[PDB]
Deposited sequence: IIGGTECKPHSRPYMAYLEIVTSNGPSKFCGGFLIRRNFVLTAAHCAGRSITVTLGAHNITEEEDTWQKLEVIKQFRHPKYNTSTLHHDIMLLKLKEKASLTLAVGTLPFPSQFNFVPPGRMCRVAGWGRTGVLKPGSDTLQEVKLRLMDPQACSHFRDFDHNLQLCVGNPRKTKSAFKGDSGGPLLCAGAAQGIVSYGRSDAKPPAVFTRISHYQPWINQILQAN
């Protein structure tokens, strides 16, 4: 997160921190969010050979008694996930066991009107600048949902599938490692951090959750 502030600890109890062993071996981290006791929603490009989720965290380098660390038993990448167009960057993770709902660990509701111009919030443990490490503490920033035309420089941007997030006239932005985290507008999950410019200039591109709700329901109903 760039230009944000440290979250009040545990004030965003749906937040998941993902440790990912990629197929090759090198580790990666992403954000995500709890939507059922045993399901986390995140970005598909965060898939790997194995994933562990940490719920209830604030400083991710220091365990607290609020922590629930759960192994992922199955990854469900969207079937149309496309590395050429970067479309359909969304994935459900089934946890090996159900998390316990507590004050520090809870689920995030879905919606079902947010047009360009609305102010949203995104939280994550991603890098806090181009030459900065990931943040040890959960950070959050308020970002403007932009008209899709503000992302017209991104090849293949599709307003039906994606959101354009972050005023280009300011430096505030989601950034590397915030991928998979939710964009919250009016207390509902509206987007998932997907990608952006390496040089951190907003806007960034998010997956539009509303478009995928029937797929999410399909996966949940079959589990």
- request: Could you please spell out the deposited residue ranges that have no C-alpha entry in the coordinates?
  value: 113-115
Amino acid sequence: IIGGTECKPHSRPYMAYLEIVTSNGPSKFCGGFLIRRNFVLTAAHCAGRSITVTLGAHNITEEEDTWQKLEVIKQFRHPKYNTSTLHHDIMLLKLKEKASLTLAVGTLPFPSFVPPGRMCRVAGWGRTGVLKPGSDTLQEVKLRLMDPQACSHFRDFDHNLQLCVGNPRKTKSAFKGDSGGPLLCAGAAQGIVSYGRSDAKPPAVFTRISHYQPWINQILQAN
From here on, numbers count along this sequence of modelled residues.
field: Stretch exceeding the other in mean C-alpha B-factor - 87-95, 129-137
entry: 129-137
query: For the C-alpha atoms alone, is the average B factor greater in 39-47 or in 60-68, going by the entry?
result: 60-68
- prompt: Which of these has the highest Cα B-factor in the record: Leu143, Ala150, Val114, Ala123?
  reply: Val114
field: Residue with highest C-alpha B-factor in the PDB entry, from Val165, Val53, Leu34, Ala189
entry: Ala189
query: Lowest, middle or highest third: where is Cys7 by Cα B-factor in its chain?
result: middle
message: Split into thirds by Cα B-factor across the chain's modelled residues, where does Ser198 land: lowest, middle or highest?
response: highest
query: Against its chain's modelled residues, does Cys185's Cα B factor rank lowest, middle or highest third?
result: highest
query: Based on the entry's values, in what third of the chain does the Cα temperature factor of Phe76 lie: lowest, middle or highest?
result: lowest
field: Chain third (lowest, middle, highest) by recorded CA B-factor, residue given as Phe175
entry: lowest
